[PDB]
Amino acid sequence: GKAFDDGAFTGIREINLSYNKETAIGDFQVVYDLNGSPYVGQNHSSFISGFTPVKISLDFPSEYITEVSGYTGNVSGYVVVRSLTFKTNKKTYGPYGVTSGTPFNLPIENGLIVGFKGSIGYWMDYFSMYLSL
């Protein structure tokens, strides 16, 4: 797949991603906060089409992500991220995609998520998060 790396910012304003109910997660793109002003991150598109778009718009800065969780699984012989759920201090967004395979979850007790990096081919291959105070 095609690797990407957004880098670190000062916060998160909007997350936009797409999924498919039979396969996994496709496109991924995020609007970050850069010192009090919006910042449009590059858009990480999938190599194929057919996904459903989802827009998650946080009420920044009073609302922020407090737990990220999902499922990773085997699709067409490849290991990919199959589901994704974002829970904040106000509401939960998810799950999106198939909830099947091996689950992972990252609850934050103190700190913030300020950046993302990963890789997408047909589906999102893997990803990592940037943490901070």
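Numbers follow the displayed sequence, beginning with 1.
**Student:** Comparing 69-77 with 89-97, where is the mean C-alpha B-factor higher?
**Tutor:** The stretch with the larger mean CA B-factor is 89-97.
**Student:** Comparing 12-20 with 108-116, which has the greater mean CA B-factor as deposited?
**Tutor:** Comparing 12-20 with 108-116, the higher mean C-alpha B-factor belongs to 12-20.
**Student:** Splitting the chain's C-alpha B-factors into thirds, which one does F60 fall into?
**Tutor:** Its C-alpha B-factor, which the entry lists for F60, ranks in the highest third among residues of this chain.
**Student:** Taking only the Cα B-factors deposited for this chain, tell me whether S83 sits in the lowest, middle or highest third.
**Tutor:** It falls in the bottom third of the chain.
**Student:** Test of reading the entry: by CA B factor among the chain's modelled residues, which third contains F47?
**Tutor:** Its C-alpha B-factor belongs to the highest third of this chain's values.
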